[PDB]
$ cat coords21.cif   # mmCIF, C-alpha atoms
data_protein
#
loop_
_atom_site.group_PDB
_atom_site.id
_atom_site.type_symbol
_atom_site.label_atom_id
_atom_site.label_comp_id
_atom_site.auth_asym_id
_atom_site.auth_seq_id
_atom_site.Cartn_x
_atom_site.Cartn_y
_atom_site.Cartn_z
ATOM 1 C CA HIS A 4 -69.327 -0.564 57.926
ATOM 2 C CA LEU A 5 -71.949 1.858 56.718
ATOM 3 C CA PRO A 6 -70.896 3.394 53.393
ATOM 4 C CA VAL A 7 -68.785 6.536 53.846
ATOM 5 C CA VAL A 8 -68.654 9.385 51.363
ATOM 6 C CA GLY A 9 -65.376 9.443 49.496
ATOM 7 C CA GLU A 10 -64.813 5.705 50.179
ATOM 8 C CA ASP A 11 -67.991 3.943 49.157
ATOM 9 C CA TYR A 12 -69.751 6.634 47.168
ATOM 10 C CA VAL A 13 -69.232 10.245 46.148
ATOM 11 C CA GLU A 14 -71.694 13.069 45.859
ATOM 12 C CA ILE A 15 -72.326 14.571 42.456
ATOM 13 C CA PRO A 16 -72.294 18.388 42.747
ATOM 14 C CA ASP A 17 -75.579 19.907 41.581
ATOM 15 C CA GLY A 18 -76.619 16.333 40.746
ATOM 16 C CA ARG A 19 -79.921 15.819 38.969
ATOM 17 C CA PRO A 20 -81.580 12.481 38.403
ATOM 18 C CA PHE A 21 -81.639 11.100 34.900
ATOM 19 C CA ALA A 22 -85.416 11.684 34.865
ATOM 20 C CA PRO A 23 -87.613 13.602 37.369
ATOM 21 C CA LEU A 24 -88.052 11.482 40.510
ATOM 22 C CA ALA A 25 -91.838 11.949 40.874
ATOM 23 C CA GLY A 26 -91.868 10.216 44.295
ATOM 24 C CA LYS A 27 -89.313 7.614 43.118
ATOM 25 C CA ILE A 28 -85.772 6.729 44.116
ATOM 26 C CA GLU A 29 -83.875 6.566 40.874
ATOM 27 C CA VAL A 30 -81.124 4.030 40.595
ATOM 28 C CA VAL A 31 -79.199 4.308 37.372
ATOM 29 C CA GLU A 32 -76.600 1.873 36.126
ATOM 30 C CA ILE A 33 -74.277 3.480 33.610
ATOM 31 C CA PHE A 34 -73.133 0.484 31.601
ATOM 32 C CA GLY A 35 -71.583 -0.345 28.261
ATOM 33 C CA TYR A 36 -72.201 -3.518 26.253
ATOM 34 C CA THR A 37 -68.468 -3.479 25.472
ATOM 35 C CA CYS A 38 -67.619 -3.602 29.163
ATOM 36 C CA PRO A 39 -66.896 -7.101 30.448
ATOM 37 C CA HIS A 40 -67.568 -5.895 34.030
ATOM 38 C CA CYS A 41 -71.028 -4.785 32.941
ATOM 39 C CA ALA A 42 -71.599 -8.162 31.285
ATOM 40 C CA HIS A 43 -70.593 -9.937 34.480
ATOM 41 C CA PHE A 44 -72.623 -7.685 36.725
ATOM 42 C CA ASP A 45 -75.823 -7.726 34.782
ATOM 43 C CA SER A 46 -77.383 -10.889 36.202
ATOM 44 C CA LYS A 47 -76.667 -9.808 39.804
ATOM 45 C CA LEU A 48 -77.910 -6.314 38.960
ATOM 46 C CA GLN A 49 -81.095 -7.496 37.280
ATOM 47 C CA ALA A 50 -81.884 -9.744 40.218
ATOM 48 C CA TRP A 51 -81.311 -6.801 42.548
ATOM 49 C CA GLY A 52 -83.583 -4.660 40.339
ATOM 50 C CA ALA A 53 -86.384 -7.229 40.625
ATOM 51 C CA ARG A 54 -86.015 -7.305 44.412
ATOM 52 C CA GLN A 55 -86.618 -3.530 44.830
ATOM 53 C CA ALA A 56 -89.678 -1.815 46.324
ATOM 54 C CA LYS A 57 -92.039 0.046 43.955
ATOM 55 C CA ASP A 58 -90.588 3.445 44.841
ATOM 56 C CA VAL A 59 -87.330 2.374 43.117
ATOM 57 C CA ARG A 60 -87.018 3.344 39.463
ATOM 58 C CA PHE A 61 -84.144 1.281 38.107
ATOM 59 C CA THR A 62 -82.843 2.664 34.846
ATOM 60 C CA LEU A 63 -80.085 1.646 32.482
ATOM 61 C CA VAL A 64 -78.092 4.448 30.960
ATOM 62 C CA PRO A 65 -75.569 3.477 28.350
ATOM 63 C CA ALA A 66 -72.067 4.903 28.688
ATOM 64 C CA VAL A 67 -71.392 7.414 25.944
ATOM 65 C CA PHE A 68 -67.670 7.417 26.493
ATOM 66 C CA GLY A 69 -66.567 7.896 22.886
ATOM 67 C CA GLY A 70 -64.842 5.434 20.569
ATOM 68 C CA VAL A 71 -66.199 1.887 20.720
ATOM 69 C CA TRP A 72 -68.688 2.705 23.479
ATOM 70 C CA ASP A 73 -70.832 4.986 21.337
ATOM 71 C CA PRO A 74 -72.191 2.575 18.704
ATOM 72 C CA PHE A 75 -73.190 0.274 21.542
ATOM 73 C CA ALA A 76 -74.774 3.082 23.486
ATOM 74 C CA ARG A 77 -76.754 3.848 20.368
ATOM 75 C CA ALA A 78 -77.514 0.120 19.916
ATOM 76 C CA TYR A 79 -78.970 -0.026 23.420
ATOM 77 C CA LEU A 80 -81.064 3.085 22.893
ATOM 78 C CA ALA A 81 -82.380 1.944 19.498
ATOM 79 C CA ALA A 82 -83.215 -1.449 21.072
ATOM 80 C CA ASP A 83 -84.999 0.325 23.889
ATOM 81 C CA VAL A 84 -86.944 2.590 21.551
ATOM 82 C CA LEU A 85 -87.883 -0.565 19.652
ATOM 83 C CA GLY A 86 -88.931 -2.390 22.852
ATOM 84 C CA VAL A 87 -86.358 -5.156 22.499
ATOM 85 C CA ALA A 88 -83.617 -3.925 24.856
ATOM 86 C CA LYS A 89 -84.764 -5.931 27.888
ATOM 87 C CA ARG A 90 -85.188 -9.196 25.932
ATOM 88 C CA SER A 91 -81.848 -8.861 24.103
ATOM 89 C CA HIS A 92 -79.688 -7.309 26.852
ATOM 90 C CA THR A 93 -77.976 -10.469 28.175
ATOM 91 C CA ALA A 94 -77.758 -11.810 24.635
ATOM 92 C CA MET A 95 -75.954 -8.666 23.486
ATOM 93 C CA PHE A 96 -73.381 -9.031 26.302
ATOM 94 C CA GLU A 97 -73.025 -12.691 25.425
ATOM 95 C CA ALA A 98 -72.703 -11.934 21.662
ATOM 96 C CA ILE A 99 -69.824 -9.547 22.410
ATOM 97 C CA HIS A 100 -68.054 -11.192 25.282
ATOM 98 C CA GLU A 101 -68.728 -14.916 24.898
ATOM 99 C CA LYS A 102 -69.839 -15.826 21.337
ATOM 100 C CA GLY A 103 -67.879 -13.114 19.567
ATOM 101 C CA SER A 104 -70.862 -12.854 17.214
ATOM 102 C CA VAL A 105 -71.018 -9.076 17.477
ATOM 103 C CA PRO A 106 -67.639 -7.284 17.169
ATOM 104 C CA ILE A 107 -66.561 -4.432 19.449
ATOM 105 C CA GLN A 108 -64.269 -2.794 16.890
ATOM 106 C CA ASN A 109 -65.865 -1.049 13.916
ATOM 107 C CA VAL A 110 -69.294 -2.421 14.678
ATOM 108 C CA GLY A 111 -71.947 -0.793 12.554
ATOM 109 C CA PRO A 112 -75.684 -0.650 11.986
ATOM 110 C CA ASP A 113 -75.506 -3.689 9.728
ATOM 111 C CA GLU A 114 -73.949 -6.074 12.268
ATOM 112 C CA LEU A 115 -76.372 -4.534 14.739
ATOM 113 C CA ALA A 116 -79.398 -4.840 12.489
ATOM 114 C CA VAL A 117 -78.587 -8.532 11.964
ATOM 115 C CA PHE A 118 -78.428 -8.981 15.730
ATOM 116 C CA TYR A 119 -81.754 -7.254 16.368
ATOM 117 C CA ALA A 120 -83.311 -9.054 13.388
ATOM 118 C CA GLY A 121 -83.214 -12.023 15.768
ATOM 119 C CA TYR A 122 -85.624 -10.109 18.032
ATOM 120 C CA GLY A 123 -88.160 -9.419 15.262
ATOM 121 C CA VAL A 124 -86.814 -5.973 14.352
ATOM 122 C CA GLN A 125 -86.953 -5.198 10.680
ATOM 123 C CA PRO A 126 -83.397 -4.220 9.678
ATOM 124 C CA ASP A 127 -84.597 -1.061 7.885
ATOM 125 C CA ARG A 128 -86.437 -0.104 11.073
ATOM 126 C CA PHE A 129 -83.364 -0.855 13.155
ATOM 127 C CA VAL A 130 -81.249 1.373 10.871
ATOM 128 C CA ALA A 131 -83.850 4.141 10.846
ATOM 129 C CA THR A 132 -84.043 3.962 14.611
ATOM 130 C CA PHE A 133 -80.295 3.773 15.162
ATOM 131 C CA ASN A 134 -79.824 6.811 12.883
ATOM 132 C CA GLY A 135 -82.944 8.552 14.066
ATOM 133 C CA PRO A 136 -83.876 11.592 16.159
ATOM 134 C CA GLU A 137 -85.325 9.721 19.169
ATOM 135 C CA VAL A 138 -82.151 7.738 19.617
ATOM 136 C CA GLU A 139 -79.958 10.800 19.065
ATOM 137 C CA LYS A 140 -82.005 12.615 21.727
ATOM 138 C CA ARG A 141 -81.582 9.726 24.201
ATOM 139 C CA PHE A 142 -77.916 9.436 23.207
ATOM 140 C CA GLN A 143 -77.349 13.110 23.992
ATOM 141 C CA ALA A 144 -79.280 12.746 27.262
ATOM 142 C CA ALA A 145 -77.092 9.741 28.196
ATOM 143 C CA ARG A 146 -73.948 11.652 27.236
ATOM 144 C CA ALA A 147 -75.031 14.713 29.234
ATOM 145 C CA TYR A 148 -75.758 12.493 32.212
ATOM 146 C CA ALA A 149 -72.291 10.914 32.029
ATOM 147 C CA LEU A 150 -70.777 14.441 31.805
ATOM 148 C CA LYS A 151 -72.697 15.476 34.949
ATOM 149 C CA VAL A 152 -72.147 12.223 36.859
ATOM 150 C CA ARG A 153 -68.449 11.906 35.884
ATOM 151 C CA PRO A 154 -68.137 8.165 36.272
ATOM 152 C CA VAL A 155 -64.748 6.495 36.141
ATOM 153 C CA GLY A 156 -65.584 3.327 34.249
ATOM 154 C CA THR A 157 -68.535 0.999 34.324
ATOM 155 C CA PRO A 158 -70.656 -0.342 35.757
ATOM 156 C CA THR A 159 -71.457 2.760 37.758
ATOM 157 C CA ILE A 160 -74.486 3.008 39.988
ATOM 158 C CA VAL A 161 -75.979 6.463 40.590
ATOM 159 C CA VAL A 162 -78.741 7.112 43.129
ATOM 160 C CA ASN A 163 -81.061 10.049 42.447
ATOM 161 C CA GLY A 164 -78.375 11.621 40.245
ATOM 162 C CA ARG A 165 -76.705 12.595 43.485
ATOM 163 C CA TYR A 166 -74.731 9.647 44.825
ATOM 164 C CA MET A 167 -72.352 7.689 42.705
ATOM 165 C CA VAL A 168 -71.370 4.345 44.158
ATOM 166 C CA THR A 169 -67.661 3.545 44.237
ATOM 167 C CA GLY A 170 -67.799 -0.090 45.287
ATOM 168 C CA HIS A 171 -64.970 -2.631 45.458
ATOM 169 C CA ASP A 172 -66.965 -5.478 43.897
ATOM 170 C CA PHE A 173 -70.473 -6.217 42.608
ATOM 171 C CA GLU A 174 -71.859 -7.217 46.024
ATOM 172 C CA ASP A 175 -70.331 -4.187 47.741
ATOM 173 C CA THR A 176 -71.698 -2.018 44.966
ATOM 174 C CA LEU A 177 -75.219 -3.355 45.589
ATOM 175 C CA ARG A 178 -74.858 -3.108 49.381
ATOM 176 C CA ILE A 179 -73.799 0.539 49.086
ATOM 177 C CA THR A 180 -76.677 1.128 46.680
ATOM 178 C CA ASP A 181 -79.067 -0.443 49.232
ATOM 179 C CA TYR A 182 -77.737 1.881 51.928
ATOM 180 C CA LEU A 183 -78.147 4.961 49.676
ATOM 181 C CA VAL A 184 -81.605 3.881 48.503
ATOM 182 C CA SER A 185 -82.735 3.311 52.102
ATOM 183 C CA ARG A 186 -81.246 6.624 53.127
ATOM 184 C CA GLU A 187 -83.158 8.428 50.335
ATOM 185 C CA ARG A 188 -86.278 6.596 51.408
ATOM 186 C CA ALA A 189 -85.787 7.666 55.035
ATOM 187 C CA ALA A 190 -85.008 11.232 53.954
ATOM 188 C CA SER A 191 -88.416 11.295 52.190
ATOM 189 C CA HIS A 192 -90.186 10.767 55.543
ATOM 190 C CA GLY A 193 -88.499 14.010 56.615
#

$ encode --input "coords21.cif" --output "structure tokens"
Amino acid sequence: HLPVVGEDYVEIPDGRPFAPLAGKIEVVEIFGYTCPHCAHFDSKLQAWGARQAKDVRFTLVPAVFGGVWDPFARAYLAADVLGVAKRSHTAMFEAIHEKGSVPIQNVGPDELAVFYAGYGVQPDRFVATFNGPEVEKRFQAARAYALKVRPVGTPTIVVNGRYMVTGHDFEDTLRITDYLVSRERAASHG
């Protein structure tokens, strides 16, 4: 069936995209590294991302959900600022969920710096970035976006800051996203 509001997605009141659209259809995944669903979804999601037309802006937004989520949100953002998020993303999920080489509980900048040291990031630079203003800015933006979006858990797909997918499984999630992306695209033609 075609996705139905309240079953397959919900509309975010006064929703605003994570970044200005500028002709684009924004598809955000709110994820956490600590989330095993996110870990499991990522390969399917990345493949989907690579399949999209150029008018799709696919953006990861880490879940700033408090507790254990926050260090990893900050980890992601620091990695991204440092240009090593994309190359380390799967590895970070694997480190947490498969290898157990990065702990969820009480993880800090020194476990994280060691991790990113593997991607050519100087540990002092990792720490400076992790503790720094650019990351804090992005962290607040991610937090604000989660407050606006109001996801229940992760992964959560959000189209144009307006439609939050509520899929039953990864494939359904992507199918509903496809529907919403196509619908935004059609809406752009008038």

$ residues_around --input "coords21.cif" --residues "range 36-43 of chain A" --least-positions-apart "3" --cutoff "12 Å" --atoms "all atoms listed in the file" --output "PyMOL selection string"
chain A and resi 32-33+46-49+63-80+88+91-101+103+105-108+110+156-160+172-174

$ closest_residue --input "coords21.cif" --among "A:86, A:154, A:23, A:170" --to "residue 132 in chain A" --atoms "all atoms listed in the file"
A:86

$ resolve_selection --input "coords21.cif" --expression "the PyMOL selection byres ((chain A and resi 59) around 12)" --output "number ranges by chain"
A: 24-31, 51-58, 60-62, 162-163, 180-181, 183-185, 187-188

$ write_last_selection --input "coords21.cif" --atoms "C-alpha atoms" --output "JSON list (two decimals), in the frame of the given file"
[["chain", "number", "residue", "atom", "x", "y", "z"],
["A", 24, "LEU", "CA", -88.05, 11.48, 40.51],
["A", 25, "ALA", "CA", -91.84, 11.95, 40.87],
["A", 26, "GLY", "CA", -91.87, 10.22, 44.30],
["A", 27, "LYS", "CA", -89.31, 7.61, 43.12],
["A", 28, "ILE", "CA", -85.77, 6.73, 44.12],
["A", 29, "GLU", "CA", -83.88, 6.57, 40.87],
["A", 30, "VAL", "CA", -81.12, 4.03, 40.60],
["A", 31, "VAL", "CA", -79.20, 4.31, 37.37],
["A", 51, "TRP", "CA", -81.31, -6.80, 42.55],
["A", 52, "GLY", "CA", -83.58, -4.66, 40.34],
["A", 53, "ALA", "CA", -86.38, -7.23, 40.62],
["A", 54, "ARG", "CA", -86.02, -7.30, 44.41],
["A", 55, "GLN", "CA", -86.62, -3.53, 44.83],
["A", 56, "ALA", "CA", -89.68, -1.82, 46.32],
["A", 57, "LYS", "CA", -92.04, 0.05, 43.96],
["A", 58, "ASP", "CA", -90.59, 3.44, 44.84],
["A", 60, "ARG", "CA", -87.02, 3.34, 39.46],
["A", 61, "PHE", "CA", -84.14, 1.28, 38.11],
["A", 62, "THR", "CA", -82.84, 2.66, 34.85],
["A", 162, "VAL", "CA", -78.74, 7.11, 43.13],
["A", 163, "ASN", "CA", -81.06, 10.05, 42.45],
["A", 180, "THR", "CA", -76.68, 1.13, 46.68],
["A", 181, "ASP", "CA", -79.07, -0.44, 49.23],
["A", 183, "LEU", "CA", -78.15, 4.96, 49.68],
["A", 184, "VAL", "CA", -81.60, 3.88, 48.50],
["A", 185, "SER", "CA", -82.74, 3.31, 52.10],
["A", 187, "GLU", "CA", -83.16, 8.43, 50.34],
["A", 188, "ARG", "CA", -86.28, 6.60, 51.41]]

$ closest_residue --input "coords21.cif" --among "A:138, A:168, A:152, A:189" --to "residue 19 in chain A" --atoms "all atoms listed in the file"
A:152

$ resolve_selection --input "coords21.cif" --expression "the PyMOL selection byres ((chain A and resi 167) around 7)" --output "PyMOL selection string"
chain A and resi 12-15+160-162+165-166+168-169

$ closest_residue --input "coords21.cif" --among "A:137, A:144, A:150, A:85" --to "residue 123 in chain A" --atoms "all atoms listed in the file"
A:85

$ resolve_selection --input "coords21.cif" --expression "the PyMOL selection byres ((chain A and resi 115) around 9)" --output "PyMOL selection string"
chain A and resi 75+78+105+110-114+116-120+126+129-130

$ atom_distance --input "coords21.cif" --atom1 "CA of residue 35 in chain A" --atom2 "CA of residue 145 in chain A"
11.5 Å

$ decode --input "coords21.cif" --residues "range 169-181 of chain A" --atoms "N, CA, C and O atoms" --output "PDB file, in the first residue's frame"
ATOM      1  N   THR A 169       7.998   5.936   9.933  1.00  0.00           N
ATOM      2  CA  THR A 169       7.743   5.031  11.037  1.00  0.00           C
ATOM      3  C   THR A 169       7.541   3.662  10.402  1.00  0.00           C
ATOM      4  O   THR A 169       6.420   3.144  10.312  1.00  0.00           O
ATOM      5  N   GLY A 170       8.642   3.107   9.908  1.00  0.00           N
ATOM      6  CA  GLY A 170       8.614   1.833   9.206  1.00  0.00           C
ATOM      7  C   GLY A 170       8.723   0.634  10.136  1.00  0.00           C
ATOM      8  O   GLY A 170       9.186   0.751  11.276  1.00  0.00           O
ATOM      9  N   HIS A 171       8.331  -0.524   9.618  1.00  0.00           N
ATOM     10  CA  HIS A 171       8.234  -1.767  10.382  1.00  0.00           C
ATOM     11  C   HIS A 171       9.567  -2.516  10.358  1.00  0.00           C
ATOM     12  O   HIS A 171       9.850  -3.335  11.239  1.00  0.00           O
ATOM     13  N   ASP A 172      10.364  -2.245   9.326  1.00  0.00           N
ATOM     14  CA  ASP A 172      11.633  -2.914   9.095  1.00  0.00           C
ATOM     15  C   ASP A 172      12.449  -2.043   8.162  1.00  0.00           C
ATOM     16  O   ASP A 172      11.932  -1.049   7.627  1.00  0.00           O
ATOM     17  N   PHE A 173      13.718  -2.404   7.967  1.00  0.00           N
ATOM     18  CA  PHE A 173      14.631  -1.564   7.170  1.00  0.00           C
ATOM     19  C   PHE A 173      14.128  -1.337   5.753  1.00  0.00           C
ATOM     20  O   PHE A 173      14.142  -0.204   5.276  1.00  0.00           O
ATOM     21  N   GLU A 174      13.687  -2.414   5.093  1.00  0.00           N
ATOM     22  CA  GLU A 174      13.157  -2.312   3.728  1.00  0.00           C
ATOM     23  C   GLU A 174      11.921  -1.431   3.630  1.00  0.00           C
ATOM     24  O   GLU A 174      11.805  -0.620   2.718  1.00  0.00           O
ATOM     25  N   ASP A 175      10.995  -1.620   4.562  1.00  0.00           N
ATOM     26  CA  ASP A 175       9.785  -0.803   4.634  1.00  0.00           C
ATOM     27  C   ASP A 175      10.178   0.653   4.855  1.00  0.00           C
ATOM     28  O   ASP A 175       9.634   1.580   4.254  1.00  0.00           O
ATOM     29  N   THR A 176      11.123   0.857   5.755  1.00  0.00           N
ATOM     30  CA  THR A 176      11.592   2.202   6.040  1.00  0.00           C
ATOM     31  C   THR A 176      12.080   2.898   4.771  1.00  0.00           C
ATOM     32  O   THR A 176      11.735   4.067   4.530  1.00  0.00           O
ATOM     33  N   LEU A 177      12.848   2.172   3.959  1.00  0.00           N
ATOM     34  CA  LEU A 177      13.412   2.720   2.724  1.00  0.00           C
ATOM     35  C   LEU A 177      12.345   2.909   1.647  1.00  0.00           C
ATOM     36  O   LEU A 177      12.387   3.894   0.907  1.00  0.00           O
ATOM     37  N   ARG A 178      11.379   1.994   1.599  1.00  0.00           N
ATOM     38  CA  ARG A 178      10.260   2.091   0.666  1.00  0.00           C
ATOM     39  C   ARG A 178       9.414   3.315   0.995  1.00  0.00           C
ATOM     40  O   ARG A 178       8.976   4.028   0.106  1.00  0.00           O
ATOM     41  N   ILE A 179       9.192   3.564   2.280  1.00  0.00           N
ATOM     42  CA  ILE A 179       8.367   4.707   2.686  1.00  0.00           C
ATOM     43  C   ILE A 179       9.147   5.979   2.372  1.00  0.00           C
ATOM     44  O   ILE A 179       8.574   6.983   1.930  1.00  0.00           O
ATOM     45  N   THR A 180      10.453   5.932   2.608  1.00  0.00           N
ATOM     46  CA  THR A 180      11.320   7.063   2.309  1.00  0.00           C
ATOM     47  C   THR A 180      11.252   7.374   0.812  1.00  0.00           C
ATOM     48  O   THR A 180      11.102   8.537   0.428  1.00  0.00           O
ATOM     49  N   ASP A 181      11.355   6.337  -0.018  1.00  0.00           N
ATOM     50  CA  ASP A 181      11.237   6.482  -1.479  1.00  0.00           C
ATOM     51  C   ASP A 181       9.945   7.180  -1.856  1.00  0.00           C
ATOM     52  O   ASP A 181       9.944   8.118  -2.655  1.00  0.00           O
TER      53      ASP A 181
END
